[PDB]
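Below: the structure, in structure tokens.
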Amino acid sequence: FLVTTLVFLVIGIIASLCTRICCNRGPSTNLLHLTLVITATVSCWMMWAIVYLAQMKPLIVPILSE
Amino acid sequence: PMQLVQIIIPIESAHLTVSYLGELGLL
Amino acid sequence: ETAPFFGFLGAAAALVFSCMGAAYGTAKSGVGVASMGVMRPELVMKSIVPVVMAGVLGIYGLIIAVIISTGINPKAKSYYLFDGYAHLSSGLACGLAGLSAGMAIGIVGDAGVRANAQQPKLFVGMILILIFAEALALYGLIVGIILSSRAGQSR
Amino acid sequence: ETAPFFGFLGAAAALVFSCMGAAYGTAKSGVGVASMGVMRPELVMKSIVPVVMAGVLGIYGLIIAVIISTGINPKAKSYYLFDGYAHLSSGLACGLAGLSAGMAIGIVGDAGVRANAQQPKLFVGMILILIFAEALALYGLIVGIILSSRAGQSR
Amino acid sequence: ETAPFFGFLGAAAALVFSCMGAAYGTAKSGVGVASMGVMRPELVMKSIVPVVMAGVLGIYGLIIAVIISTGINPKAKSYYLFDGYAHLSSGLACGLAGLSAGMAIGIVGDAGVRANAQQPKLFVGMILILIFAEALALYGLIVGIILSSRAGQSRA
Amino acid sequence: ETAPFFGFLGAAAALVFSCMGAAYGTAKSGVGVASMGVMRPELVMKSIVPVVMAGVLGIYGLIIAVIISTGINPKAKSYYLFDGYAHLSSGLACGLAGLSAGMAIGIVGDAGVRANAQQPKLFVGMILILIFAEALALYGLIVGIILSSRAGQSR
Amino acid sequence: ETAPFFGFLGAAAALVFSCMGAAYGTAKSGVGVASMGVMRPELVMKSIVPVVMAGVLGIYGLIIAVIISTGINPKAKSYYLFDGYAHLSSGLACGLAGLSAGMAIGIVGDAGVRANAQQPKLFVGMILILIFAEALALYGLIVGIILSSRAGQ
Amino acid sequence: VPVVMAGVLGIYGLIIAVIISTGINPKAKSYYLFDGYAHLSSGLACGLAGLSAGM
Amino acid sequence: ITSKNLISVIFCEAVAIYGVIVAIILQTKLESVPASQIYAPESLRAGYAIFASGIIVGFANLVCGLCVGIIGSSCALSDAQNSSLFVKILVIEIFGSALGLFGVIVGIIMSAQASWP
Amino acid sequence: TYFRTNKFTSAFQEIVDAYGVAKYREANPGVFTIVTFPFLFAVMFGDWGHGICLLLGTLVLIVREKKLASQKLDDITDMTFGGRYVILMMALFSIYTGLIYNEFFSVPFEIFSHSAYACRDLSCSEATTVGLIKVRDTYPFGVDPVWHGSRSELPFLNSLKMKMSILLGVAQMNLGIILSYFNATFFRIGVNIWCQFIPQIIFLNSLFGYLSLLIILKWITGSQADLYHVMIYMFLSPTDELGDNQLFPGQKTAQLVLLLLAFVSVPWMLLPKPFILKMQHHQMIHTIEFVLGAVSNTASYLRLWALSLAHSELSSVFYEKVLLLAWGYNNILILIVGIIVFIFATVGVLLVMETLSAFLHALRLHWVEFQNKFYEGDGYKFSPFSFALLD
């Protein structure tokens, strides 16, 4: 879902803006917060990408006989 | 980002500096 | 057919092995607890945990055996080798896990009995190791549940 | 056919294993009781409790074996290997559980008798330990009952 | 048609042997830690590591058992004769690897707990030894997975 | 019919034996390394090599097992007896050789760890001895691989 | 028929037995050498005869196994249960003889290491003893080679 | 000297085995189950007695 | 004592040579035994005779070798103890070698056993 | 020396100290690990219900830390006081992890629709049919419950989880290589960095990346019968030729070329640096270290997959016990007793046992990854003349 990727990118941009507003004073602190935000975005996007790759095409469906 | 430091301080004054730097200190 | 010979044997073996292992572990733990109580009553009160672990292992083995026995429905299920084989596998797994857990629990109980006299913090820490061993036994029992559920294919 | 062979074999094995375990437990308890009496004849009176518990467990195993054996009536039901297999499994499980419980309870009782000779609260500790050990015999009896029911479930 | 009995037996045996090896290793490590106790109370973090390794080995065994159980589906692709024996082989390999790893881990953990009381600078070396030991269990799990992979092809 | 099943069983037993030998060697090396680290932390770092050698032997056994697994191919040939026989023989030989070499290397490393702490000079010769021990297992693995390559038994 | 299975089993048993015997002898000799080297590291460097004998035993076992494997040519000979049974037994006997020789040589070298540590005369004496043991192992290897040659007929 | 005598005893046993090999031809006499069992049992008893005497 | 042990090793090498000769003979002593005709009762009798010969040869050779080894060990110890006592040790070594030679002669006699077609 | 540590940074600093030390110029990935270890642990396992409850308890502890400062903690409580921030971050990550897993309160829950995933068509056909189930609508926030949490969907879901864990391990190795390159740039070696880190890095990275790209290509093509074992089938032949299943038209020759390149790079990982050192005038440890590290990364991925499977199995067991208690209790008392017992057992299993096991495994994987990456121990802590009682 390209829409999901765009939403994740927008969330990352919002987080970057929040971190900048919070700690623009400490340039090293700001860089640390930016690195943390980047890592969180990478992790979330990778998880969603794996989930969608599962949904790309199902090998087989489930059986739940009583 | 630290480095070594060397100094000569009179003992009487060194007592006050040591007392001040006791809680946290640098070196 | 030959299902009763397999299923009954597995059901008996699970309980037998689990009881033997739990008994050995409880005996070791009781010897250690007696030593600790001779040392100090507080250590005797503390040393109850290995007995709890042994009882938990025995209860898990009994539960697995009960589930296996309840699986035996010859009137509803036609006599298949697979149906008895699943029960036999579940019983063997449960019994082996119970025996191993009992031996490990006895060793850990002796160690913790020594530790309680040595230091209360040591006993508190060894509680974590005992819990980990109990968790391994529970994992074996859970695999036994999947083994029992495998019998569903046969009818 | 050959089902009575298996059923009678299981009935005999139950009693044999229960007797062996009771013998081991009684020997250990007697050694502990002799040690306590040598140390203190007065305290020896309370020391008989683990021996009584071991004897009770042995009798319970024997009673369960007798009950299982009495169920086998060839005139009552036609030749079916399921009933014999179930009876044999019940006997084997009950006997093995009783033997393991007896041996462990005897060892724990000897240790607890020594500890009680040392300290008084150790007597209560050993009583709790033996109560914990009785869980093996309880599980064996439950498994025997389940197998006896499965024997009637044969069709 | 009688293969599923062998398959179920192998599936149970894998878990049984893995649990036995893990229990032995855990008991050895716990005895060693309790011996190391009192003298080095701060070494609780170090003593935790062998229990973690034993738990990892047990989890690997359970995973192998679950995979083997999933492999046994008689409804489609009738087990024929190769399926049960393949499952038995995979289960035996997994169980033996687990038992060997458990024994080695228990011995090494006892040695490390003994070394914990004096000169704790070797904690890194002890952790390295534990990881090298668990590598054997990882290789065994990989081998079991590879064996389970070939199961489907034999159906034809 | 079921002969390649026996071959696959032997292939699995190969990895099992290799893992057992590697684990024994690693345990001995770990005991020696613990002793050396107790002696001096510096000797501990140089003493890691035998553990790596045992792990490499185990990895070689795993690779041989994977190759054997790749050897089994239903589309290659129909049910044939020789496919199972050759594979089982190769696996058994490789596993036995690996286990024996691992035990020998473990004993050698256990001696060498203690030896190196007293004198660092002998560590050079100990390294050569361990290298020869590992090379024996490597030759055994090559011999086993030769048998696996010997696949075209029929036509 | 089942002859290739018997021959493969025999060759595998030969290789396994030879490897186990070589491993046991090498372990004993290496333990002895490590113990002896503690006193004088200079003498330890000379103590390479254990490595030499271990390598010789391993090479002999590998060569025997390779020769046995080469004998298995189904295209060349359809073979017979008699021929396969003979080849398997011959190979297994060769491997067992090699294993016994290697174990004995390693046992001797275990004490020979300490003897060499004592004096160089004991060192050369143990060298001669190990040479005799290696000669026995080579005789066993030659017997196995002759047996493999007989399998061709 | 007693060691030499004991070795001579083994040499005599070897000579007896050589005589047995000379008589080993089976065409002359057919041995049934009873004959083979009798021979094997008697030989085993003699061997046990010989080993005990050697000890 | 090393020379005495060398004499013992020479006896062991003689035993090995006897074994090699036995193997060569068994290679020669093998009957016709056709691949097709490997089921006759006469072939079974020949196989039983050959197996008996091998069992009588190898077991006796191993027993003689072990006896020679123990005797040589004791003899080397005694020679280390007393310098004069060497011929007595050589006597025991010769006795062990004679036992090995007797086993070899037994194998040589048993060589002519096969009766397979 | 030690980098300044805030309240949140203290736990990462303690972890880095556990992983030995590093030089002042040496790169310290402790700050990165302060998120990576929560990132891996969330990938490793997580229960939405108790995990949220555990996070709430940790937050309450952080709020009451003022009293906890006065009230001295005991044993593991003392460590928890220091690691509150790290635990909270890990639980926050595990929240999204459970959201992906969809096992809210250790149980699947419908998202957005009445049923997140359903069976299109096959109204009369059983779930065990040729048509079986069609997921016309797929859960957009998490894995489709029909395709993951259902009875027979377990094997394919587990295989997919393992495949994804392999890619995650590859990414972790790539991050370690990147950190090594960055630290080498900080080390400021004129050519030694290119001679040593570049060959040691990149080689095994591309080796695992071939498999990762094969997994991605399989996800694109969607082969069914091989499940996640198509990669195993492809890699089963290291020799040339064949390669029918290759999704990329030239994947066979390209794979052979890549194998040759890796074989050539293998000495390049070990040879150039000692040669440069000799020209100016360890590698033996570096020998086989690449293969061992790749095996370790695969082991970490498999451990994560196994931990996830075990967590799913435990959640299923707890749900089964709860369902059995509820269904077979017409009276309120029996249901209440069963629910309480199941809740206590599930809490003990998950919040304590499973949580500790997952934390330990994730920590060990983190130590392996960091040791592979950089900083090689070799240091000590900052030494001021601070009053221990006062500070």
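Chain identifiers are assigned as A, B, and so on, following the order in which chains appear in the structure tokens; residues are numbered from 1 within each chain, and ligands are numbered from 1 in order of appearance.
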Quick one: which residues from chain C are at most 6 Å off chain D, using only C-alpha atoms, as a ChimeraX atom specification?
/C:4-5,8-9,12,16,19-20,23-24,27,30-31,34,37-38,62
_Based on only C-alpha atoms, which of the residues in chain J come within 12 Å of chain F? I want them as a PyMOL selection string._
chain J and resi 232-238+282+284-289+291-292+295-296
Using only C-alpha atoms, which protein or nucleic acid residues come within 12 Å of residue 6 (chain B)? Drop anything in the same chain fewer than 3 positions from it, and give the result as an MDAnalysis selection string. chainID B and resid 3 9 27
Write out, as a PDB file, in the first residue's frame, the residues just selected, with C-alpha atoms.
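For reference, result04.pdb as written:
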ATOM      1  CA  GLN B   3      41.951  14.694  28.133  1.00  0.00           C
ATOM      2  CA  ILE B   9      47.930  23.868  43.719  1.00  0.00           C
ATOM      3  CA  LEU B  27      39.564  14.835  37.562  1.00  0.00           C
TER       4      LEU B  27
END
Every residue of chain A that DSSP places in alpha helix (DSSP H), as a ChimeraX atom specification: /A:2-23,27-55
Could you tell me which residues of chain I sit within 6 Å of chain H when counting only C-alpha atoms, and give me the result as number ranges by chain? I: 102, 106, 109-110
Write out the residues from the selection above, keeping C-alpha atoms, as an mmCIF file, in the first residue's frame.
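Everything below was put into selection_20.cif:
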data_model
loop_
_atom_site.group_PDB
_atom_site.id
_atom_site.type_symbol
_atom_site.label_atom_id
_atom_site.label_comp_id
_atom_site.auth_asym_id
_atom_site.auth_seq_id
_atom_site.Cartn_x
_atom_site.Cartn_y
_atom_site.Cartn_z
ATOM 1 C CA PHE I 102 52.922 -73.192 16.890
ATOM 2 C CA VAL I 106 48.361 -74.958 13.170
ATOM 3 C CA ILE I 109 47.943 -77.554 8.782
ATOM 4 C CA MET I 110 44.383 -76.206 8.653
#
Check every residue of chain J for an atom within 10 Å of chain E, counting only C-alpha atoms, and provide those that qualify as a PDB file with C-alpha atoms, in the first residue's frame.
ATOM      1  CA  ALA J  18      28.028  -4.636  29.932  1.00  0.00           C
ATOM      2  CA  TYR J  19      29.375  -4.929  26.375  1.00  0.00           C
ATOM      3  CA  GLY J  20      32.765  -3.896  27.696  1.00  0.00           C
ATOM      4  CA  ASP J  75      17.375  -6.909  44.092  1.00  0.00           C
ATOM      5  CA  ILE J  76      15.742  -6.876  40.617  1.00  0.00           C
ATOM      6  CA  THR J 128     -10.910 -27.563   4.094  1.00  0.00           C
ATOM      7  CA  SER J 152      -4.606 -24.370   9.486  1.00  0.00           C
ATOM      8  CA  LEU J 154      -0.321 -21.508  11.260  1.00  0.00           C
ATOM      9  CA  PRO J 155       2.401 -23.232   9.155  1.00  0.00           C
ATOM     10  CA  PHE J 156       2.527 -20.747   6.270  1.00  0.00           C
ATOM     11  CA  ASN J 158       5.243 -19.255  10.719  1.00  0.00           C
ATOM     12  CA  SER J 159       7.276 -19.754   7.543  1.00  0.00           C
ATOM     13  CA  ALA J 225       3.841 -25.124  -3.425  1.00  0.00           C
ATOM     14  CA  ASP J 226       7.359 -24.277  -2.240  1.00  0.00           C
ATOM     15  CA  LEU J 227       5.945 -21.991   0.500  1.00  0.00           C
ATOM     16  CA  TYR J 228       8.994 -20.202   1.989  1.00  0.00           C
ATOM     17  CA  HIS J 229      11.274 -23.073   0.909  1.00  0.00           C
ATOM     18  CA  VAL J 230      11.679 -21.807  -2.667  1.00  0.00           C
ATOM     19  CA  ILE J 232      16.114 -23.304   0.024  1.00  0.00           C
ATOM     20  CA  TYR J 233      15.358 -25.133  -3.219  1.00  0.00           C
ATOM     21  CA  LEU J 236      20.320 -26.171  -2.757  1.00  0.00           C
ATOM     22  CA  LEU J 292      30.444 -17.667  12.111  1.00  0.00           C
ATOM     23  CA  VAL J 295      25.527 -18.312  11.109  1.00  0.00           C
ATOM     24  CA  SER J 296      24.946 -16.269  14.268  1.00  0.00           C
ATOM     25  CA  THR J 298      20.701 -16.726  10.981  1.00  0.00           C
ATOM     26  CA  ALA J 299      20.506 -18.163  14.500  1.00  0.00           C
ATOM     27  CA  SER J 300      19.187 -14.862  15.846  1.00  0.00           C
ATOM     28  CA  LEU J 302      15.512 -18.316  13.874  1.00  0.00           C
ATOM     29  CA  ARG J 303      15.423 -17.530  17.601  1.00  0.00           C
ATOM     30  CA  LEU J 304      13.118 -14.586  16.943  1.00  0.00           C
ATOM     31  CA  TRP J 305      10.848 -16.769  14.805  1.00  0.00           C
ATOM     32  CA  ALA J 306      10.778 -19.473  17.479  1.00  0.00           C
ATOM     33  CA  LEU J 307      10.044 -16.932  20.214  1.00  0.00           C
ATOM     34  CA  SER J 308       7.150 -15.533  18.185  1.00  0.00           C
ATOM     35  CA  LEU J 309       5.796 -19.035  17.566  1.00  0.00           C
ATOM     36  CA  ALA J 310       6.090 -19.883  21.267  1.00  0.00           C
ATOM     37  CA  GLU J 313       1.252 -21.024  21.165  1.00  0.00           C
ATOM     38  CA  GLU J 354       8.057 -15.412  28.424  1.00  0.00           C
ATOM     39  CA  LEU J 356      12.226 -12.585  30.756  1.00  0.00           C
ATOM     40  CA  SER J 357      13.149 -15.212  28.165  1.00  0.00           C
ATOM     41  CA  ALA J 358      12.447 -12.845  25.270  1.00  0.00           C
ATOM     42  CA  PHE J 359      14.377 -10.040  26.960  1.00  0.00           C
ATOM     43  CA  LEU J 360      17.391 -12.282  27.543  1.00  0.00           C
ATOM     44  CA  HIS J 361      17.349 -13.634  23.985  1.00  0.00           C
ATOM     45  CA  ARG J 364      22.092 -11.773  23.595  1.00  0.00           C
ATOM     46  CA  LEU J 365      21.298 -11.107  19.939  1.00  0.00           C
ATOM     47  CA  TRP J 367      25.437  -8.315  22.090  1.00  0.00           C
ATOM     48  CA  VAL J 368      26.289 -10.545  19.129  1.00  0.00           C
ATOM     49  CA  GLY J 377      35.634  -3.589  24.184  1.00  0.00           C
TER      50      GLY J 377
END
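Proximity to residue 54 (chain F) at 7 Å, evaluated using only C-alpha atoms and with sequence-adjacent residues fewer than 5 positions away removed, yields residues 22, 25, 26 and 102 of chain F.
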Same residues, N, CA and C atoms, output as a tab-separated table (two decimals), in the first residue's frame:
chain	number	residue	atom	x	y	z
F	22	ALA	N	31.25	-32.58	18.64
F	22	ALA	CA	31.59	-31.17	18.75
F	22	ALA	C	31.22	-30.62	20.13
F	25	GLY	N	33.80	-31.85	22.70
F	25	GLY	CA	35.03	-31.08	22.56
F	25	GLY	C	34.88	-29.66	23.07
F	26	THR	N	33.74	-29.03	22.78
F	26	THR	CA	33.50	-27.66	23.22
F	26	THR	C	33.39	-27.58	24.74
F	102	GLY	N	36.21	-35.31	17.51
F	102	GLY	CA	35.81	-34.28	18.44
F	102	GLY	C	36.19	-34.61	19.87
If we count only C-alpha atoms, which residues of chain I reach to within 10 Å of chain G? Please list them as a ChimeraX atom specification. /I:2-3,5-6,9-10,12-13,16-17,19-20,23-24,27,33-36,38
How close does each residue of chain J get to chain B, giving the shortest atom pair and distance in Å to one decimal for every residue with an atom at most 12 Å away, counting only C-alpha atoms, sorted by chain and residue number, as JSON lines?
{"residue": "J:1", "atom": "CA", "partner": "B:2", "partner_atom": "CA", "distance": 6.4}
{"residue": "J:2", "atom": "CA", "partner": "B:1", "partner_atom": "CA", "distance": 8.3}
{"residue": "J:3", "atom": "CA", "partner": "B:1", "partner_atom": "CA", "distance": 8.0}
{"residue": "J:4", "atom": "CA", "partner": "B:1", "partner_atom": "CA", "distance": 10.3}
{"residue": "J:23", "atom": "CA", "partner": "B:1", "partner_atom": "CA", "distance": 9.9}
{"residue": "J:24", "atom": "CA", "partner": "B:1", "partner_atom": "CA", "distance": 6.2}
{"residue": "J:25", "atom": "CA", "partner": "B:1", "partner_atom": "CA", "distance": 7.8}
{"residue": "J:26", "atom": "CA", "partner": "B:1", "partner_atom": "CA", "distance": 10.8}
{"residue": "J:381", "atom": "CA", "partner": "B:2", "partner_atom": "CA", "distance": 11.7}
{"residue": "J:382", "atom": "CA", "partner": "B:2", "partner_atom": "CA", "distance": 9.0}
{"residue": "J:383", "atom": "CA", "partner": "B:27", "partner_atom": "CA", "distance": 7.0}
{"residue": "J:384", "atom": "CA", "partner": "B:27", "partner_atom": "CA", "distance": 5.0}
{"residue": "J:385", "atom": "CA", "partner": "B:25", "partner_atom": "CA", "distance": 5.1}
{"residue": "J:386", "atom": "CA", "partner": "B:24", "partner_atom": "CA", "distance": 4.1}
{"residue": "J:387", "atom": "CA", "partner": "B:23", "partner_atom": "CA", "distance": 4.5}
{"residue": "J:388", "atom": "CA", "partner": "B:23", "partner_atom": "CA", "distance": 7.6}
{"residue": "J:389", "atom": "CA", "partner": "B:23", "partner_atom": "CA", "distance": 8.3}
{"residue": "J:390", "atom": "CA", "partner": "B:23", "partner_atom": "CA", "distance": 5.5}
{"residue": "J:391", "atom": "CA", "partner": "B:23", "partner_atom": "CA", "distance": 5.9}
Per residue of chain J within 6 Å of chain A, what are the shortest atom pair and its distance in Å to one decimal, counting only C-alpha atoms, with rows by chain and residue number, as CSV?
residue,atom,partner,partner_atom,distance
J:127,CA,A:63,CA,4.3
J:128,CA,A:63,CA,4.6
J:133,CA,A:61,CA,5.4
J:151,CA,A:64,CA,5.1
J:152,CA,A:62,CA,4.7
J:153,CA,A:62,CA,4.7
J:219,CA,A:53,CA,5.7
J:222,CA,A:57,CA,5.3
J:224,CA,A:59,CA,4.1
Keeping N, CA, C and O atoms, export the residues of the selection given above as a compact mmCIF listing (two decimals), in the first residue's frame.
# COMPACT_ATOMS: atom_id res chain seq x y z
N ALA J 127 -13.98 -25.01 5.16
CA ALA J 127 -12.69 -24.34 5.12
C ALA J 127 -11.60 -25.27 4.59
O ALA J 127 -10.57 -24.80 4.09
N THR J 128 -11.81 -26.58 4.69
CA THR J 128 -10.91 -27.56 4.09
C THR J 128 -11.45 -27.98 2.73
O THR J 128 -11.97 -29.08 2.53
N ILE J 133 -10.96 -20.65 1.46
CA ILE J 133 -11.28 -19.28 1.83
C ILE J 133 -10.59 -18.33 0.86
O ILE J 133 -9.46 -18.58 0.43
N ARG J 151 -6.99 -21.92 12.13
CA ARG J 151 -6.50 -23.21 12.58
C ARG J 151 -5.37 -23.74 11.70
O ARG J 151 -4.29 -24.08 12.20
N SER J 152 -5.59 -23.80 10.39
CA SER J 152 -4.61 -24.37 9.49
C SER J 152 -3.68 -23.33 8.87
O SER J 152 -2.79 -23.70 8.09
N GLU J 153 -3.86 -22.05 9.18
CA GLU J 153 -3.02 -21.02 8.59
C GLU J 153 -1.67 -20.91 9.30
O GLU J 153 -0.78 -20.20 8.82
N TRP J 219 7.87 -13.08 -3.01
CA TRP J 219 6.67 -12.37 -2.58
C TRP J 219 5.99 -11.69 -3.76
O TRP J 219 4.75 -11.63 -3.83
N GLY J 222 4.81 -14.85 -5.86
CA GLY J 222 3.81 -15.60 -5.11
C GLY J 222 3.73 -17.07 -5.44
O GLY J 222 2.62 -17.60 -5.63
N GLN J 224 3.48 -20.92 -4.64
CA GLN J 224 2.66 -21.50 -3.58
C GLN J 224 3.22 -22.81 -3.03
O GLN J 224 3.38 -22.94 -1.81
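Atom pair CA of residue 144 (chain E) / CA of residue 95 (chain E) has a distance of 9.6 Å (rounded to one decimal).
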Taking only C-alpha atoms into account, which residues of chain G are within 9 Å of chain F, as a PyMOL selection string?
-> chain G and resi 1-2+4-6+8-28+30-31+34-35+37-38+41-42+44-45+47-48+50-51+54-55+58-59+61-62+65-66+69+72-75
